[PDB]
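Residue strings, one per chain:
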Amino acid sequence: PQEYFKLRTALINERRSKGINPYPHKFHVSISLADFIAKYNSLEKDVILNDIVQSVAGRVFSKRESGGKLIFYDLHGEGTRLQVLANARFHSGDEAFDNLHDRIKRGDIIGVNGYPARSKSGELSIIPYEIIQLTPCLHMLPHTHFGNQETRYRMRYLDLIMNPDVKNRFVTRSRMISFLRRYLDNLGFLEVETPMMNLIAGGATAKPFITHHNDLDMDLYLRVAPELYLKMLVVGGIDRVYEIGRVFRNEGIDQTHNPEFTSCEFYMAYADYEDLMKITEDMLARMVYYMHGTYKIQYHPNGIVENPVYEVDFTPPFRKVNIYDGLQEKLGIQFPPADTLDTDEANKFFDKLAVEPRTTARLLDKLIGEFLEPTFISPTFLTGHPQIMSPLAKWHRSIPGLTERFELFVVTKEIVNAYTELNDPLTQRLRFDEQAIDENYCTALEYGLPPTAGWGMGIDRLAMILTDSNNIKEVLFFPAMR
Amino acid sequence: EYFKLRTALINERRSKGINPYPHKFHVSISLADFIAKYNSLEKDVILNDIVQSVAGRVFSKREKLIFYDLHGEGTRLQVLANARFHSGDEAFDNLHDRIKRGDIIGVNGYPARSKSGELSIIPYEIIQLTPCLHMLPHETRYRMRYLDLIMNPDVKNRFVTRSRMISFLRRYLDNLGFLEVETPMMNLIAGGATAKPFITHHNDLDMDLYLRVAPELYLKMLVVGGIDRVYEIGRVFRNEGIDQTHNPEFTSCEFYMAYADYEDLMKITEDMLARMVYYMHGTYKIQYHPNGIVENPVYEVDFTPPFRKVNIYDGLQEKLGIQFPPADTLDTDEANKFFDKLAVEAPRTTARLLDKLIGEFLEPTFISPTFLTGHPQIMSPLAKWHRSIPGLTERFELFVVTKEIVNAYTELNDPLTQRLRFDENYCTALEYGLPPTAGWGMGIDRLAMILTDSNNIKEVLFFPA
Ligand SMILES: C[C@H]1CCC[C@H](C[C@H]2Cc3cc(O)cc(O)c3C(=O)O2)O1
Ligand SMILES: C[C@H]1CCC[C@H](C[C@H]2Cc3cc(O)cc(O)c3C(=O)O2)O1
Ligand SMILES: N[C@@H](CCCC[NH3+])C(=O)O
Ligand SMILES: N[C@@H](CCCC[NH3+])C(=O)O
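Residues numbered from 1 in each chain as written, not as in the entry; some residues may be left out. Chains lettered and ligands numbered in written order. Heavy atoms only, no water. Residues with missing side-chain atoms left out of burial classes, pairs and counts.

The record names X-ray crystallography as the way this model was obtained, at a resolution of 3.283 Å.

In structure tokens, the structure reads:
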């Protein structure tokens, strides 16, 4: 196996030591493989256009020997394949047909100048009069009985060669971001960009990355959310602000977590969160119907191999749930609406239900995670979070101890977080400040923030759902696996 | 100051059981669509059968009739407060002392057009959605951009342009069959251009990582794996420090095309930049003022193809009036490369000396977009060697108004890549083979500098340093 790489490195080095270049500079591609197949489709069985010369290029996936005149190569380019039929009668070169095809192995990248033809068996093909080896493949490719686990992630290029469904997998993701962007842009949004390095890295409930910026003699935090900036932009007269971009969080690596992930956040003035619900429903529905043709798609937690199947249904309207009602019915207890008390801290802690620093907000997050969240397979709205875990959401017009935040869960994971933005410069902040605050932001609020609805979504996670991948590493080209 | 008094009034209103910051005001139509809708209305007519609800920030207040100039989006609309149409308990006196300039207000009112032709809305009710607790005015505008956007509403136009620029680029490459992808911004060993990287720590892996200084190597691996045309627009992190053309964090656009040489990327860059310039402005030839407060000198950048092509050796040999040695890696050529008498002037090696010489003598001649071609192999490790002139690379740079905005080359196709520098997972990927390919990259912030006609990169950036 290694000796085969040694062997071909010998052949390539002796080819370069005889004055020949194994890695050429420029090959002219006359027609695209796709454009080739769509064209010459009118070909007949065993016809060859010898008066027409086309130049096509690609990677050799398989080599089939006929033991003489004919040698068959299956050429993969982009998403299509074309059979280059090497016939000795059509070879026009001062390379002997025998020695030449010892030079081209499987995996090698070749250009081809040849005649469009369709063989007697009907195979659409190009018959080269000349073959130029564009790149040698110095390694041994798997025999299609192989090509998995950890290796696929570390060496993505190989995975894309052997498993084209990864390629379709990512194409779908890019077409997704294209769709979302063309949607928001159709809604009058303006895509902008915010600093990824801040003095305080506001604002989200995670741990940030710390780096050092040399010019200023000071340390900076990588952004955990574009929020505070987008809101300041809303203050300045931009009514609809929109940003798709990455976010850096220091939380450990998981199947649903990556330290750096793509987040889409947008802020819309003169709307409450009840508007954003009727937006998220619309968007997710039309996106699902856009991609798969139907509103109801399957998801497999196991990995598409006889595991329990969740039947994700994106038809509007998604069911609505409260935190207090659902947790009260699940646990069978009565809670206090405003719970900033230590005496109230004993109550949440007392009702552990053996689920797992203990504060009211961390306990509540844990209680919700354990009891309410795993029930969510079909998309579900989770409404009315406390103010202790939602500092930047405006207070509820009715319940004194709740906020207008809502989350959206699909297959037991949170892909969307939104709220009605707090325009009040009297903002009470977290006392303990443990693992979870900008002076210039409150002063931006003093100039005034219109009634606003902020919204955010994990892009990689929606890609996970619509890709049917149990691991986030499958929708990321180069994940954090190490 | 004035903030103490208004926070006093708002808080004293807060202690009487009133909500100073309402939750939802239902806006019927945006101001733009309003003026566009009722521009055809007759004059001296007031429409009583139509009730519209528009909201915005009050730019100015002038006091029977009280005049508000309401700024929404990129348009303003005249709110005409008449006491005869007030439908409230207050009766027009107490109420309009509560709303000052800078306040964000909603308005439910009647479309009307005065005899003078001025289009206006007459509110029957005014709901103050947010108070402005500070006093609006008559270098810190980079620190506080929200106030800049409030006082100078036209600044938005620059950033809108940037968006409509990137969108254009996105619509261009997507028409060519390109696939927008995204690559990790954190690497153990950040490959790419020549700069200093950021060092950060990742706790889960308990290791030090480098922020990406270029999407280069990753995109090249993506091309290896069968993706023929790749492109990534995204932010990039360099530790070199702040300047007028430099910001530590800037937006870069790169694309890679298999089966293309660098002359194809030149004949493309010409095409794209031409069509985009004609798209934004009215002609291929635009103005530029490198002195912002001032007005002289005025460059006359011309985007009409074909841009001038220049070599490093020919142009620097003619400009300096001496003949250089051929492309030699050796120590001997560096002694010639000093040129202390020329006083062009850190560690000085043949590559850094050559770069400073280009920077002083050759580069300032570039006003119209100019291709600067054939850099040595000592300054271009990832560019393939020149097919004709040895010891040279197929790299080229593009300069406009004496600054570098795009860099492209024919990617090094040989896994015998000599990366030795004096003062891995990538090379093993090249062994599986990289088709003959052409890479391309561009600073987005700098093309925004040109097309916004700003001498400062902070003027095309929302929150600079
Ligand atoms: C932009 C945010 C908004 C809230 C939902 C979702 C949460 C986000 C949290 C998060 C943290 C982390 O360390 C790694 C990750 O992959 C994610 C994620 O995908 O989802 O995305
Ligand atoms: C990807 C490259 C290609 C060439 C133009 C442009 C150069 C780039 C260099 C650069 C270095 C730096 O430390 C700070 C900056 O703002 C820039 C920049 O904007 O432009 O982007
Ligand atoms: N920082 C939030 C996402 C943005 C929410 C804005 N409404 C989170 O991840 O929890
Ligand atoms: N490393 C390049 C950017 C990538 C160019 C690839 N053609 C630079 O000088 O910034």
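Next comes the rest of the account.
Caption draft 1: Layout of the environment of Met162 of chain A. The topology assignment puts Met162 of chain A in helix α5 (residues 156–162). Separated by 120 residues in sequence, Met162 of chain A and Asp282 of chain A have C-alpha atoms that sit 37 Å apart. (Helix = DSSP H or I, 4+ residues; strand = E, 2+ residues; numbered from the N terminus.)

Caption draft 2: Local environment of the domain arrangement of chain A. Residue and element names in this part refer to chain A. On domain assignment, one finds that chain A holds domain 1 (1–146) and domain 2 (147–482). Each of domain 1 and domain 2 has a C-alpha centre, and these two points are 49 Å apart. Every contact between the two is made by 8 residues of domain 1 and, on the other side, 5 residues of domain 2. Class assignment of the residues belonging to the side of domain 1 that touches domain 2 gives a composition of 4 nonpolar, 1 polar and 3 charged. (Domains from an automatic or database assignment. Contact = heavy atoms within 4.5 Å. Nonpolar A, V, L, I, M, F, W, Y, C, P; charged D, E, K, R; others polar.)

Caption draft 3: View of the interface of chain B and chain A. At the junction of the two partners, chain B supplies 88 residues and chain A supplies 88 residues. In terms of residue count, helix α4 (residues 155–175) of chain B provides more of the side of chain B that touches chain A than any other element does, 7 residues in total. Grouping the amino acids of the side of chain B that touches chain A by side-chain chemistry returns 45 nonpolar, 22 polar and 21 charged.

Caption draft 4: Highlighting the pattern of salt bridges. The salt bridge partner of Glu123 of chain A is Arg81 of chain A, with a shortest N-O separation of 3.6 Å. Of the two residues, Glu123 of chain A sits in the loop between β5 (109–118) and β6 (124–135) while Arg81 of chain A sits in strand β4 (residues 80–86), which places them 42 residues apart along the sequence. With a shortest N-O distance of 3.7 Å, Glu180 of chain B and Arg181 of chain A are connected by a salt bridge. In this pair, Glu180 of chain B sits in strand β7 (residues 179–180) while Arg181 of chain A sits in helix α6 (residues 164–186), so the two residues belong to two different chains. It is possible to trace a salt-bridge network through shared partners that takes in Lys26 of chain A together with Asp261, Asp264, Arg387 and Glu394 of chain B. (Salt bridge = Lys/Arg side-chain N within 4 Å of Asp/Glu carboxyl O.)

Caption draft 5: Summary view of the pairing of strand β3 (residues 71–77) of chain A. All names here are of chain A. For strand β2 (residues 54–65) and β3, the ladder comprises 6 bridges, and the chain directions are antiparallel. The partner of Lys63 across the bridge, within β3, is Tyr73. Hairpin geometry of β2 and β3 is characterised by an intervening segment of 5 residues between the two adjacent antiparallel strands and by a positive phi of about 65 degrees at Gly67. Pairing geometry for β3 and β4, over 7 bridges, is antiparallel. Directly across from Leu75, in β4, lies its bridge partner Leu82. If you look at the hairpin formed by β3 and β4, you'll find 2 residues sitting between the two strands, and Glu78 has a positive phi there, around 55 degrees. (Pairing = 2+ DSSP bridges.)

Caption draft 6: The domain arrangement of chain B, seen in detail. All names here are of chain B. Here chain B is partitioned into domain 1 (1–138) and domain 2 (139–465). Its C-alpha centre places domain 1 at a distance of 49 Å from the equivalent point of domain 2. The interface of domain 1 with domain 2 comprises 4 residues on the first partner and 4 residues on the second. Looking at the side of domain 1 that touches domain 2 residue by residue, the classes come out as 2 nonpolar, no polar and 2 charged.

Caption draft 7: Just the side chain of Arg57 of chain B, in detail. Note on placement: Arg57 of chain B falls in strand β2 (residues 52–62). Separated by 2.6 Å, the side chain of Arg57 of chain B and the backbone oxygen of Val235 of chain A make a polar contact. Polar contacts involving the side chain of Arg57 of chain B include one to the main-chain carbonyl oxygen of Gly102 of chain B, which spans 3.0 Å. (Polar contact = N/O pair within 3.5 Å; in protein donor to acceptor, adjacent residues only side chain to side chain.)

Caption draft 8: Representation of the packing of aromatic side chains in the model. Where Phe168 of chain B meets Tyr279 of chain B, the ring centres are 5.1 Å apart and the plane angle is 50 degrees; that geometry is what we call tilted. Of the two residues, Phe168 of chain B sits in helix α4 while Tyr279 of chain B sits in helix α6 (residues 262–280), which places them 111 residues apart along the sequence. Aromatic side chains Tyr278 of chain B and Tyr284 of chain B sit 5.4 Å apart centroid to centroid with 40 degrees between the ring planes, which places their arrangement in the tilted category. Against the face of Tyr40 of chain A rests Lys39 of chain A, its NZ or CZ located 5.9 Å from the ring centre. (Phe/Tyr/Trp six-rings, centres within 6.5 Å; stacked < 30°, edge-to-face > 60°. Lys NZ or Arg CZ within 6 Å of the ring centre and 35° of its normal.)

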